[PDB]
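These notes are about the structure you will find just below.
Letters A, B, ... are given to chains in the order of the sequence lines, protein chains preceding strands, and every chain is numbered from 1.
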Amino acid sequence: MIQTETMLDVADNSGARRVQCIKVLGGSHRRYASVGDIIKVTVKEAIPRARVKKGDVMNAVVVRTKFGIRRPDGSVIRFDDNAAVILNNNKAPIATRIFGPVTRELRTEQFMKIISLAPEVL
Amino acid sequence: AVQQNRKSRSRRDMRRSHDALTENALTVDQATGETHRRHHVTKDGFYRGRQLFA
Amino acid sequence: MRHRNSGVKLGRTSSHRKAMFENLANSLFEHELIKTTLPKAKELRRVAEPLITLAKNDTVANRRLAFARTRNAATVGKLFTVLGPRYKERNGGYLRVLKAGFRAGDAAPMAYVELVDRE
Amino acid sequence: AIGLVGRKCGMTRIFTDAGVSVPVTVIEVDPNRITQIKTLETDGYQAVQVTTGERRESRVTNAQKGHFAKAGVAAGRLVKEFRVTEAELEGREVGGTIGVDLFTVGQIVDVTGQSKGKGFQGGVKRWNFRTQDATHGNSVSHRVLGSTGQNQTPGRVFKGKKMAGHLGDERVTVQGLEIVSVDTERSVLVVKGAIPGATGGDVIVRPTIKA
Amino acid sequence: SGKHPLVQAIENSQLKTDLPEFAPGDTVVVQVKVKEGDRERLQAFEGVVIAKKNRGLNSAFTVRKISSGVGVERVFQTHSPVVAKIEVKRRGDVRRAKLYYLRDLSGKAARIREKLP
RNA sequence: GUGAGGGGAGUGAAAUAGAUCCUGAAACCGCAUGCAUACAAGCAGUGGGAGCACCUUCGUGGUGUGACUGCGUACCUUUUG
RNA sequence: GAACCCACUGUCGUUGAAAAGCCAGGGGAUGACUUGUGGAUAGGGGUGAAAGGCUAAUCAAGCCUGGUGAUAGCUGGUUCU
RNA sequence: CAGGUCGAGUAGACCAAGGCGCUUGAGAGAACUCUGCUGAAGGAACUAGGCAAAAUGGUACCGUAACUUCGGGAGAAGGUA
RNA sequence: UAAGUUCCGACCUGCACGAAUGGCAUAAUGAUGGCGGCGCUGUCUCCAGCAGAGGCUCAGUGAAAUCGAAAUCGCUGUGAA
RNA sequence: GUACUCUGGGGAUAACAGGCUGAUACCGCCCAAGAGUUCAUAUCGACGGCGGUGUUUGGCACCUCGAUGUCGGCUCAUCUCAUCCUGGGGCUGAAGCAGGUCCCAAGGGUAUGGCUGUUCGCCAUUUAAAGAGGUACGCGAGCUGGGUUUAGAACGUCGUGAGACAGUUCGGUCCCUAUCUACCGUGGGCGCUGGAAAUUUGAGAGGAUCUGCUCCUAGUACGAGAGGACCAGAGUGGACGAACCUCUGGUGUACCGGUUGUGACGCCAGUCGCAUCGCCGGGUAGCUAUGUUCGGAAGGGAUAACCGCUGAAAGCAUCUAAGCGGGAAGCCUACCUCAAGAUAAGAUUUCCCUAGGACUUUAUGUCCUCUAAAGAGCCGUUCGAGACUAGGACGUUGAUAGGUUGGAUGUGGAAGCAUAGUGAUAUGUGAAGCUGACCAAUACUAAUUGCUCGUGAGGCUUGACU
């Protein structure tokens with residue numbers, strides 16, 4: 001349940017460490033983004049000498065949330081943090097490592113690489 | 001907020017046309033035979049042929 | 001809304017309400033016939049009758065529960081010595097509530113609360 | 001169309017083979033009994049009148065007693081009518097019954113009921129009005145209506161203005177529900193989703209009109 | 001059994017009859033049926049039971065685990081067919097029904113003493 | 001209620017002269033009788049006008065009411081108005 | 001930092017519990033400090049770490065009584081045919 | 001003038017001696033208003049303005065920058081039992 | 001700052017700074033003015049539940065400002081507009 | 001000089017809003033030098049001309065000075081069309097994709113932030129789109145009070161001074177319990193051709209009406225390539241709305257436990273009062289969103305611009321004058337809810353009442369005696385119904401409420417007694433004890449004997465059958 005001004009951890013090694021959501025994309029008056037939704041973010045903290053810098057405006061996809069996702073059998077899965085992965089202008093993943101676990105809501109032609117490089121898919 | 005015109009006695013009585021009182025439900029008791037309010041103990045302590053104060 | 005809710009308020013705090021109902025139960029057990037207002041009388045059943053039910057088995061734990069609820073040693077003794085054996089064979093309905101007109105001071109409806117086998 | 005009158009029994013879930021959980025509502029059905037058939041010649045329209053349930057003799061009036069005795073069925077707790085056509089009118093006679101076997105699994109139906117009563121309610125709950133600020137100097141106006149009109153032109157309040165008033169306790173129809181189970185031994189319908197009303201309320205089930 | 005008899009009768013027809021006995025504070029392994037395409041496989045979820053609700057067909061239990069640095073909790077519906085198997089590995093010893101205080105502890109502080117028969 | 005207040009009896013020319021008591025107006029508030037009034041829009045009247053009730057010299061009379069209908073935006077002041 | 005002396009913010013109150021308050025927070029608290037009793041300064045005067053502040057709920061000149069029925073090219077009102 | 005248990009204390013919680021339950025009540029448990037408690041995910045996006053709320057808070061020990069009129073800043077910040 | 005009519009440093013064609021109606025600075029102090037952070041939160045997205053006091057019903061007591069008179073509807077036009 | 005101010009007057013006279021007017025403003029049209037490789041008119045269009053609207057800047061001084069009391073924000077709106085999106089078309093300097101221009105169309109929809117008191121504007125990032133206007137520049141007896149415009153103080157400037165401002169800066173009291181109209185809900189009375197219990201038709205009214213992306217047709221038509229469709233299908237979203245509580249959560253001051261201080265119950269043990277529910281951890285029902293499910297689907301009828309068929313006036317031509325068609329998110333239906341006070345008061349099924357006297361005003365006439373029906377209400381136990389009402393269930397031929405018994409749930413190892421320890425404490429008896437609102441049984445307690453209202457066959461005329 002990510003909205004504007006929410007801070008998120010960065011779950012790859014693109015260089016960014018903390019990002020802030022500034023827009024939820026995909027409709028007029030759209031309120032919230034969940035796992036698998038695209039957001040606009042600004043970079044608040046980054047690794048020195050990286051390809052990304054502080055003050056950059058970028059696209060991202062939400063991978064973990066604290067509010068949680070529902071499953072068809074009635075179950076809910078909740079994580080301890082809110083995390084995102086950075087995308088380029090064409091909305092493709094642009095990182096060479098992923099940190100932590102991931103979900104099945106990214107089984108989509110847009111998002112194979114995160115699953116392929118992720119250590120654990122729970 | 002207050003009235004701009006004094007209200008006529010006719011309209012005042014028309015408003016009061018709903019203020020009438022109504023009668024209670026009264027019933028003659030069996031064992032003793034005086035009137036009492038229905039479903040209540042009589043003023044002398046009887047109800048349905050039982051006494052409360054001997 | 002108050003859909004399916006139980007309990008009363010009677011314009012009192014919760015501690016005041018609980019203490020007042022304990023006082024009413026103690027007075028009822030002492031005198032066996034009291035006069036009160038109708039809502040208080042109807043609510044008094046849910047407080048007083050379980051005490052009589054509990055006093056049917058004379059054990060130390062039951063006596064201590066009765067004391068924790070009433071805080072009156074004379075009431076506990078009466079409950080476990082007189083009233084319990086009296087109602088041993090009766091399945092509930094130890095009280096009787098009868099409407100008794102209205103009160104002069106504020107026209108409040110009133111009622112009598114009496115034990116079933118008083119005399 | 002021709003339908004059934006039942007009672008709402010409560011909500012539960014059904015698990016499928018794949019593991020999916022389907023929320024369902026249970027409707028208890030006492031087989032409906034036909035009391036009167038209305039025709040074009042006598043009434044000017046075609047409908048079937050049914051009754052269901054039970055009622056004690058001290059509560060059944062003499063007029064209703066004669067009305068039921070003419071049909072030859074026991075007195076129920078309610079009487080209802082279904083508008084029908086000539087094709088549906090085939091096979092129906094006074095004294096016959098209609099059961100749950102009228103429906104089949106997988107069929108789409110509409111369910112009508114009486115919604116729960118919320119009593120006197122204000123703008124926020126009734127019409128989704130927005131509250132004013134809780135701080136920053138606001139005096140005594142948090143959940144109030146606000147403005148209710150313009151000015152000397154037109155100098156009045158229009159009809160249909162949204163204000164405070166009674167909410168709930170209305171007839172409501174939910175369309176497009178799906179039949180999940182037709183239990184004939186227990187005389188029960190199990191339908192996917194929620195239906196209007198509280199447990200114990202009377203509900204009507206009909207074939208869907210959005211066909 | 002707080003519901004109507006018909007609802008109880010309809011619910012009772014779907015109950016599982018082979019569940020183990022377990023309590024909050026135990027550590028369990030749950031086998032979850034995963035259907036990718038039409039590949040069927042079983043994924044193991046290992047963790048600590050921190051909450052358990054007993055409501056008949058509506059029974060549930062919550063399992064918390066640390067996976068590669070990030071904590072994760074899953075609420076399982078007990079009678080769902082997607083729950084294939086539950087195995088108890090170690091029985092814990094706690095003082096309460098709900099162990100939500102573990103969410104604020106890490107590692108050294110989050111250990112549960114083993115119950116000894 | 002050993003109250004307040006009243007009803008008889010009695011005094012007085014008179015008590016509806018009975019004590020904040022000669023006469024006892026109007027605003028205002030009751031009870032009783034007669035007629036009208038719950039499908040119809042506004043300064044409330046005015047010119048017509050059926051019916052009803054009582055009285056009666058029995059009418060081309062009297063008293064009360066006014067279904068229906070034509071016309072009709074208070075008074076004073078100050079103002080070009 | 002309590003008593004005591006003040007009066008910075010907010011809600012409430014505004015035909016108030018109150019013709020200046022209550023509640024929650026706030027400042028000084030051995031000093032150019034707070035306070036009781038009794039005295040002194042009187043109206044174009046007094047007093048003022050100075051706001052035209054205060055001088056009995058009244059202050060760019062207090063209150064009371066007299067001149068006095070001040071004057072008003074202004075507003076209102078002005079009674080039977 | 002002013003006691004007990006803790007307490008640095010005349011602060012504070014509960015009590016003693018001694019005083020009281022504040023001169024309308026009884027029900028109900030709608031909108032809306034006042035005063036409170038809790039709140040998923042987010043955390044100033046509110047607003048003229050973080051207004052109001054939330055937050056910090058004791059004792060002992062360790063440790064503490066620029067700047068300085070060498071007194072301070074300073075309980076700086078921060079940490080332990 | 002993603003985005004800064006405010007803020008901070010600098011530039012100097014100062015509409016109309018400037019040296020006891022003092023000029024340029026300055027440690028400490030301020031319920032003083034402006035700007036930015038950490039923590040924290042119902043300020044907000046967007047409100048929900050609960051507790052007390054009113055509101056509402058019954059018995060008792062019993063105000064207020066206002067008021068030419070009222071048998072006191074909409075629309076379009078007219079008309080001291 | 002007065003912003004420290006005061007009195008008598010004026011809507012005879014200004015600032016706000018209204019009114020008249022329309023110079024100005026905005027929108028439309030006429031002529032057409034020219035521009036557009038030729039070609040005035042695909043698109044622009046000089047020099048000149050004619051109108052419409054009542055948004056701008058103004059003109060006048062008709063209303064209000066015995067008061068019409070606010071620049072923005074908030075909340076809540078309603079209308080126009082000169083249309084921002086979506087829908088239907090003509091032309092094109094229209095290959096396709098796109099665009100330009102004009103015509104029809106008002107059903108629905110139509111951003112969040114940074115700066116500033118701002119309206120406006122600029123900027124960042126979205127969206128199918130972020131339209132233009134009227135409504136006292138809508139809305140302050142609905143909220144605020146940042147700006148302006150009282151009293152304090154300062155700077156620049158002006159004045160000898162009191163003081164002042166095509167200026168700036170810091171601070172600075174927002175009253176009213178709603179009579180009438182209007183509106184949102186909810187009742188009482190009477191009427192509806194004797195009365196009553198139910199079920200109903202529908203004149204009519206209200207609600208709803210939005211839209212993105214992906215796949216398929218098809219890398220096909222088209223195109224030198226780069227690119228790339230019409231029509232016609234499937235799926236999944238955003239915003240909005242409704243109902244619901246099985247699932248996920250919140251709350252849950254009458255449920256369970258841990259623990260601090262103090263007082264008491266004679267004492268230990270065990271408990272209770274007070275401290276925000278003292279604080280802290282959980283949590284049943286109910287309510288609830290952030291949770292779940294569902295909706296705007298499809299189809300008929302008449303049309304708008306526009307496109308026609310046959311066809312003369314006018315031997316040809318021509319959608320029109322006779323005659324016959326197609327055609328839009330728009331209109332009428334269709335979907336949901338209400339609806340006979342629809343005084344035109346409608347329809348169907350069933351049920352109830354059939355007694356005697358006197359009198360004159362000989363009339364659905366008035367007084368006696370005898371009769372109180374079908375039913376409705378008072379009263380009581382109450383509700384997932386509720387301000388009071390109204391509505392639903394039941395009243396001994398009874399499960400309506402409370403209690404009792406059983407179950408379920410929550411919390412979690414009661415008290416007492418035994419063991420092991422110097423002890424704090426731990427283990428056993430035993431998943432025990434306690435458990436508001438839930439499910440099921442059960443007359444133990446309370447729904448008593450009752451009373452009131454509602455009548456006695458329902459005028460006349462004409463017609464068709466009896």
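- Residue D:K80 places at least one side-chain N or O closer than 4.0 Å to OP1 or OP2 of J:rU200.
- Here D:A194 lies in heavy-atom contact (under 4.0 Å) with sugar-phosphate atoms only.
- The base of J:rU448 does not engage J:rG308 as a Watson-Crick or G-U wobble partner with both distances under 3.5 Å.
- Of the candidate nucleotides J:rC143, J:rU449, J:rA440, J:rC143 has the atom lying nearest to any side-chain atom of D:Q132.
- Under 4.0 angstrom from either OP1 or OP2 of J:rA243 there lies no side-chain N or O belonging to D:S115.
- In terms of phosphate contacts, E:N54 brings a side-chain nitrogen or oxygen within less than 4.0 Å of OP1 or OP2 of J:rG410.
- Stacking between D:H67 and J:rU349 is absent: the aromatic ring centre is not both under 5.5 angstrom from the base six-membered ring centre and within 30 degrees in plane angle.
- Comparing J:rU404 with J:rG386, their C1' atoms are spaced 32 Å from each other, to the whole Å.
- Within the nucleic acid shown, D:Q36 comes within 4.0 Å of sugar-phosphate atoms alone, with no base atom in reach, counting heavy atoms only.
- Judged by distance alone with a 3.5 Å cut-off, no donor-acceptor contact links the side chain of E:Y100 to the base of J:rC280.
- Distance CZ (B:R6) to P (I:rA65): 15 Å, rounded to an integer number of Å.
- Sugar pucker annotation for J:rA239: north, assigned from a positive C1'-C2'-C3'-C4' dihedral.
- With respect to the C1'-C2'-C3'-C4' torsion, J:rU343 shows a south sugar, the value lying on the negative side.
- Side-chain atoms of A:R70 come within donor-acceptor range of the base of J:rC247, with a qualifying N/O pair under 3.5 Å.
- One finds a side-chain N or O of B:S8 lying less than 4.0 angstrom from the OP1 or OP2 phosphate oxygen of I:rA71.
- When Watson-Crick and G-U wobble pairs are counted only if both distances are under 3.5 Å, J:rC279 pairs with J:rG258.
- Taking 4.5 Å as the limit, some side-chain heavy atom of B:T27 sits within range of a side-chain heavy atom of B:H36.
- Picking from J:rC184, J:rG386, J:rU126 the nucleotide with the shortest atom distance to the side chain of D:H166 gives J:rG386.
- Closest approach to the C:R4 side chain among J:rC294, H:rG43, J:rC439 is made by J:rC439 (side chain taken as heavy atoms from C-beta onward).
- Relative to the side chain of D:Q175, the nucleotides H:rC32, J:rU179, J:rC335 differ in distance, and J:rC335 lies closest.
- Residue A:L25 places its side chain closer to J:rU127 than to any other of J:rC378, I:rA70, J:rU127.
- No N or O donor and acceptor, one from the side chain of A:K40 and one from the base of J:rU126, sit under 3.5 Å apart.
- Atom NZ of D:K161 is separated from atom P of J:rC139 by 16 Å (rounded to the nearest Å).
- Between C:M1 atom CE and J:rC383 atom P there is a gap of 18 Å when expressed in whole angstrom units.
- Across all strands shown, H:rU33 forms a Watson-Crick or G-U wobble pair, both distances under 3.5 Å, with I:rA53.
- Looking at the side chain of D:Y45, the nearest of the listed nucleotides H:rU33, J:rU201, J:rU75 is J:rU201.
- Nearest to the side chain of C:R17, among J:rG450, J:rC394, J:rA254, sits J:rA254.
- For D:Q64, the side-chain atoms get nearest to J:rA198 when compared with the rest of J:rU126, J:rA198, J:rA374.
- Taking CD of D:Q132 as the start and OG of D:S139 as the end, the distance is 10.5 Å to the nearest 0.5 Å.
- The shortest distance between the side-chain N/O atoms of B:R11 and the OP1/OP2 oxygens of I:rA71 is not below 4.0 Å.
- Below the 3.5 angstrom threshold, one finds a donor paired with an acceptor across the side chain of D:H136 and the base of H:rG49.
- Listed pair D:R143 / H:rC32 meets the phosphate criterion, a side-chain N or O lying under 4.0 Å from OP1 or OP2.
- The side chain of D:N151 approaches J:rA136 more closely than any other nucleotide in the set J:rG291, J:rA136, J:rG283.
- In this structure, D:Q121 and C:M1 have side chains that are in contact, with non-hydrogen atoms separated by less than 4.5 Å.
- In this model, a side-chain donor or acceptor of A:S28 finds a partner on the base of J:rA130 within 3.5 Å.
- J:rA347 is paired with J:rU199 under the criterion used here, namely a Watson-Crick or G-U wobble arrangement in which both key atom distances are under 3.5 Å.
- Taken together, J:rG270 and J:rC265 meet the test for a Watson-Crick or G-U wobble pair: both N-N or N-O distances fall under 3.5 Å.
- Comparing atom distances between the D:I209 side chain and each of J:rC335, J:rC245, J:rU348 picks out J:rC335 as nearest.
- Judged by distance alone with a 3.5 Å cut-off, no donor-acceptor contact links the side chain of A:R31 to the base of H:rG42.
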